[PDB]
Amino acid sequence: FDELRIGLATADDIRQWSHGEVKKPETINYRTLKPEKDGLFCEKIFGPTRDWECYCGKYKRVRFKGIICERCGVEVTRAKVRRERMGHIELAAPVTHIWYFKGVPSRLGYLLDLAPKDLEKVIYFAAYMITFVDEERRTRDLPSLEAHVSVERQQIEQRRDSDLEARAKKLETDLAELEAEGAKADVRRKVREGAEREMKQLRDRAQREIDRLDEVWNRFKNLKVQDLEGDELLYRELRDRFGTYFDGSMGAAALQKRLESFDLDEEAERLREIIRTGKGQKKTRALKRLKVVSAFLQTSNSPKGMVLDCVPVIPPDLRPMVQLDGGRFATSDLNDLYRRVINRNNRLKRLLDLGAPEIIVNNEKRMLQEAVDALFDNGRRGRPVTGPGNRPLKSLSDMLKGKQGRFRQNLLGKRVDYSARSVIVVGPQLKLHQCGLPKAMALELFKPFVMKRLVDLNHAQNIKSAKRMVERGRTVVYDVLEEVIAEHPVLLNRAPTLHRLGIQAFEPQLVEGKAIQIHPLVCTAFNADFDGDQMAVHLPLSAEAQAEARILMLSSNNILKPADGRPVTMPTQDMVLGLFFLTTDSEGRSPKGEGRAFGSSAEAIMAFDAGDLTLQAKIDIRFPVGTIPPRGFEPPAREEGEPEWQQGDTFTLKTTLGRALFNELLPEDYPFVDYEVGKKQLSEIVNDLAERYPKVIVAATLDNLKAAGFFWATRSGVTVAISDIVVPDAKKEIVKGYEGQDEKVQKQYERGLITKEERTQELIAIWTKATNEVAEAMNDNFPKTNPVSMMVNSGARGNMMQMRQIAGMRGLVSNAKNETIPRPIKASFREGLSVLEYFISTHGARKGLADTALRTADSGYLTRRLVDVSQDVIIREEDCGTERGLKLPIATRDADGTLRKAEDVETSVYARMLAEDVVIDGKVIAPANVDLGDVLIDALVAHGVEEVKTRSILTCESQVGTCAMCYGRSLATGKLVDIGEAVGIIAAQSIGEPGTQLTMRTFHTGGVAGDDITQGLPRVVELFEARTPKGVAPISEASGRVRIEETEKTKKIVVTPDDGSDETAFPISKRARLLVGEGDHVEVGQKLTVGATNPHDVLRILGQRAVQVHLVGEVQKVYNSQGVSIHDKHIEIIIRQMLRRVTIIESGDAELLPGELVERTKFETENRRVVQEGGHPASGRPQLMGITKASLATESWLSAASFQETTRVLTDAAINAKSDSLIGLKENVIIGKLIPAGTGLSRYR
DNA sequence: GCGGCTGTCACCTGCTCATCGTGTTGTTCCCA
DNA sequence: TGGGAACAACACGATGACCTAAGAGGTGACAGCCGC
Ligand SMILES: [Mg+2]
Ligand SMILES: [Zn+2]
Ligand SMILES: [Zn+2]
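Numbering (PDB author numbering), first residue to last: 7 to 1251.
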């Protein structure tokens, strides 16, 4: 399986595939339900329908093996051959392939220069076309032929003059004789009108026919190949008159003749000449056609494969028909399409045999063409061929593309064996690496192992008896299942897998019930809440599979998220509300025994049980040898002449009992903790534990924290009641006064001083003031010991706006058509919304529900594109010896001359290693290529630096893809990135996870358009696709003097640069809110009007580092405006993929074509080669691609076909005859092979 | 020869069932 | 096995002559065809 190539399928190739010809449009006999002969589903050409049988029955006996029968012609062998055996049908009239012609423009042929309409006319027998002209013989006989045409013109004139003499005689005779008769007053004038009618008729008819001959003559004079005679009468005239010099045809026969005669070398030569010297559109068209011409020229596959004379038939078992109950049949649409084409082919053969007129044979040939077109693609041209209902039929190419196609429904994602699912319930008694799975589910998944163990343990004498008893559900079966499930890791999974911590391996323990028991704090990795959610489950089988499961995927190991490195499996909700109650202060908690001193914590809990001490009362507790005091409290160590071993001596601390209990959950070596560990400090402590202590102890500490959090959450006293929702007394008076102001504004509106818009905006301002005032008063009112206050301030569940709506005020809401209701909801949910208030409030609820429903699929599509782009960027190198990096701001924000760590070092500079040693005082503060953790940050910010040079993938220069050292440390594992890490998929998943929760879009229209650039996920797709921003704003090309040349017809802003440069201008709208004044000094890389700068501009005028910085900053802008945190590396992966190609110009020397976005790598190597030969090298404009385009440009065509545009991709791959090498991730899961990543690398293989 | 605009190709998404136009031939049944 | 009758095949070609309803996507990317 070294490679897989596709080209054109000749007639000979199709004949070589086949074993027989399908001649009848018949599938099976409706009565006897058997294959017919030489039809669809036939048994002579395809394989036997029954294993080891033949049609007639002479060799129905199974003994025979591989022989051919002597009566029916069916060989005796297996019945699966019908899946593999193929046939063909010989067409009478050749037809064109609807892919290679009448398709996407770049693949529309262009080998024969013809417009789409001209080919539409030729192919579907509506216009003729010349396949050959004897120009040399035509010119040789042109003296003779023009003399002959002059002779015919003179004969026409001679008989015309004889008829003119006869007309004069007739006129004289009729005039004279009628005048002599005088039967009427105007006999002479009446017959003068008659004779003038005859004379005019002959004049006009003679002119018509001599002009007809002139048209035929000059048409023959100017007659070349690829010339269409739309009118058949004129073609008949030409064939009758000057035949034997030119040859014409209709339909695909003409195209076949041209593709056979036409040679490509000379065409490529002229195309190279014109592209070398071309202007405007003509050059672009020339190079576009040259692409296809060179594709056919370089390769051995001939263009004649683009016209078809034989059609292959897919094996019958891939298009089966089956008896449905009620005497019915369910059959594949392919059978109907094959029947249509065979019907029309046979009717055409009949018509040819009878020598039918041209019209009938032409109609039948056109119909056969349309039939094969529907067979290959039903929807490209005309109306589709519907099947049973009005719905369209399924074409052979419709079975490859689309969401439900073969690639995207059967080769990437498969239904699997040894799998189960069920609802998910919380087991709070589980260890981090444990899952409780129902009894029946465990029995079903582990069946074969259970039978093997039952037989081995002598509970059964044979495997079938073991199966019988397992089905019967005996007790010994259940004991054996308990024995066997041990040491078999089990992969739990949730439906939407937004990242790698969405499938996790657990150790299975056998449990009763009908639901799966899961750990309480792995609910954020899965996003699984217990509201009816379901969990799927899989069982690895091979030793390697389960070894990887336990080592890599085990839930105990997966504690840190890959998106930012913060721990994800940490306590939350009630657990944190319990540890917060444990370590909170004594405020409003009526302490007892405050100020007392205890000789141990055991004595403290004695006092607590006695009821004379509180868990949260300030008391002086002594801690024994081993306890490590707080880091902050150490410098206030006990005063004594002797040197006290603060690290390892008994000490005393004015702590609280709850904190002394909390610090027993953490490991003994951990320093004491003496502050409210609500939610954020717990995250910090868990991060420190993960980054400092080994994983087993971190899991044990997490378990202890879980147990303590639940235990103390039960006793916290947090219980929601209608009194615990405290409506502030402030709300009444505030809402009444602002209501009075609203009344005044309404009165001044109804009096006519203001407009309705002014009244609105005034009331929105008034009620925003009222809402915020009530919010702050509500925050002030409740104590900090309140239930809701406790769960919010502890960071368990809740925000302050939610509390505002519940307790104080709901406020203004999104009116219909995304507006702001002037009058707000002046009532919280506790007080009770009115009727109209509720009706108004449901608007935003509905809108948000619909928005979420759509945004799920939107983010899914975005993640699909990101994965397809970034896939195969795999760490293959331990260390490239580069010394380049990014100059990232290490400690900026010198507001009042104070060096402060930047506000986003966690996402940007953290985890990125160091290019080289940093020295500010003549000594190495940070050694080279060392993990850049917080300690180095404190050192460098203290010593005053404002930048740092970090290794990165963007600046990585390695022979084999990316290297571990430049990427940094894996944000998921903490340690250095391991070689073989599928970093691209990790980056794509990291950017895709928060996509659903962005929720950034305009709340109200606000009477603004264009200025409001797209917000949220639309913005992210806009940046990642390289699409020009909606609110585009030009960016100055060079430093210069900029002024306004506004014209009433069209406003303009014109900048002329200094340094003797050419002027530039930008057309701008009237509503521009210009951020640059007139006649001012702009610089090389500055904006002009308010908007969104194009990434293309920033790549063009500034450079490549500038576009990288701009894109990363612009995506992080929205991401960190939400609060989502993604490391900059995950964006940098996509940015690196987007800038890997260059558009080439001045390319005749470098031996390639201008354009074609040659790869940067390719451009460089071939310029090196041409310079080595001696010729100068070509030049390159850096190009910023999109994600769809950058993915579709893959060297491997399997991946491109799998992603999108299967028809176009496969057609181009066939034209180019380009093979696919196995290297890649996607294209190695299509073939079903070990991926070139993780432990599948040849090093580990 | 070079623009607009104007379509056309990509993507994103999901159990009932109505007749002719005549007349004849040969097999294959159904009854007895 | 006789007649009595059901389907699958066939061969011809009854003085008169035309659909049908269904049917609101949206957004990019682009290359033609038509206009200057
Ligand atoms: Mg749920
Ligand atoms: Zn046989
Ligand atoms: Zn590197």
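Beta carbons are placed, not taken as given, at the ideal position from N, Cα and C, and that holds for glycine.
Non-local C-beta neighbours of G594 in its own chain, meaning closer than 8 angstroms and more than five positions away in sequence, comprise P789, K790 and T791, ordered along the chain. If only complete runs of 3 or more residues are kept, the segment 723-785 shows no beta strand (DSSP E) anywhere. Going by DSSP, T145 is part of the alpha helix (DSSP H) stretching over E141 to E187. Exclusion of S976 from the 7 angstroms shell around ligand 3 follows from its C-beta lying no nearer than that to any non-hydrogen atom of the ligand. Look at the beta carbons and you see the segment 450-469 not touching the segment 520-529: under three pairs across the two are nearer than 8 angstroms. Setting aside the 5 residues that flank it on each side, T1020 is surrounded in the same chain by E1028 and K1036, each with a C-beta closer than 6 angstroms to its C-beta; the list follows chain order. Considering only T481, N499, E489 and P434, the residue with the shortest C-alpha distance to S425 is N499.
Distances from the alpha-carbon of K1168 to those of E1179, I1150, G1154 and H1182 put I1150 closest. Of the other Cβ atoms in all chains shown, 16 or more fall within 10 Å of the Cβ of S338; this residue is therefore buried. Excluding five sequence positions before and after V954, the CB atoms of its chain that fall closer than 6 angstroms to its own CB belong to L894 and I896, given in chain order.
Inter-residue distance for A776 and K742 is about 10 angstroms (C-alpha atoms, whole angstroms). Secondary structure at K206: helix, using DSSP grouped into helix, strand and coil. Per DSSP, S876 lies in no beta strand (DSSP E) segment; the continuous alpha helix (DSSP H) that holds it begins and ends at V841 to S876. Shortest gap from the CB of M971 to any heavy atom of ligand 3: under 7 angstroms. Residue pairing by DSSP places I625 opposite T661 in a beta bridge.
The count of Cβ pairs closer than 8 angstroms, one atom from the segment 549-566 and one from the segment 510-521, reaches three, so the stretches are in contact. With contacts defined by Cβ atoms closer than 8 angstroms, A542 and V431 do not form a contacting pair. In the structure shown, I931 falls within a strand segment according to DSSP collapsed to helix, strand and coil. Taking the C-beta atoms as reference points, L343 is found nearer than 8 angstroms to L381. A distance below 8 angstroms separates the beta carbons of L1094 and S1042. In the DSSP secondary-structure assignment, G333 is not bridged to any residue. At least one heavy atom of ligand 3 falls within 7 angstroms of the beta-carbon of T888.
Using a Cβ-Cβ distance cut-off of 8 angstroms, the segment 272-291 and the segment 156-176 are not in contact, since fewer than three pairs of beta carbons, one from each stretch, lie closer than that value. Ordered by chain, the residues meeting the criterion of a beta-carbon within less than 5 angstroms of a non-hydrogen atom of ligand 1 are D535, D537 and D539. At a threshold of 7 angstroms, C529 does not count as near ligand 3, since its beta carbon sits no closer than that to any of the ligand's heavy atoms. For a cut-off of 8 angstroms, the C-beta gap from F678 to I627 is around 10 angstroms, too long to register as a contact.
Scanning its chain for C-beta atoms nearer than 8 angstroms, with the 5 sequence neighbours on each side dropped, one finds around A446 the residues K520, in chain order. Taking 8 angstroms as the cut-off, the beta carbon of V841 is found no closer than this to the beta carbon of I831.
At least one heavy atom of ligand 2 lies less than 7 angstroms from the C-beta of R77. Taking each of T83, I491 and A802 in turn and checking the Cα distance to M581, the smallest one comes out for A802. Remark: C-beta atoms of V724 and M796 approach each other more closely than 8 angstroms. Across the structure, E1152 and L114 are spaced so that their CA atoms are roughly 27 angstroms apart. In the three-state reduction of the DSSP assignment, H1102 falls in the helix class, which pools H, G and I. Where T720 is concerned, the enclosing alpha helix (DSSP H) starts and stops at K701 to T720.
Here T1034 is not near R1047, since their CB atoms are 8 angstroms or more apart.
Counting C-beta pairs with one atom in each stretch, the segment 728-745 and the segment 766-782 have three or more that are closer than 8 angstroms, which means they touch.
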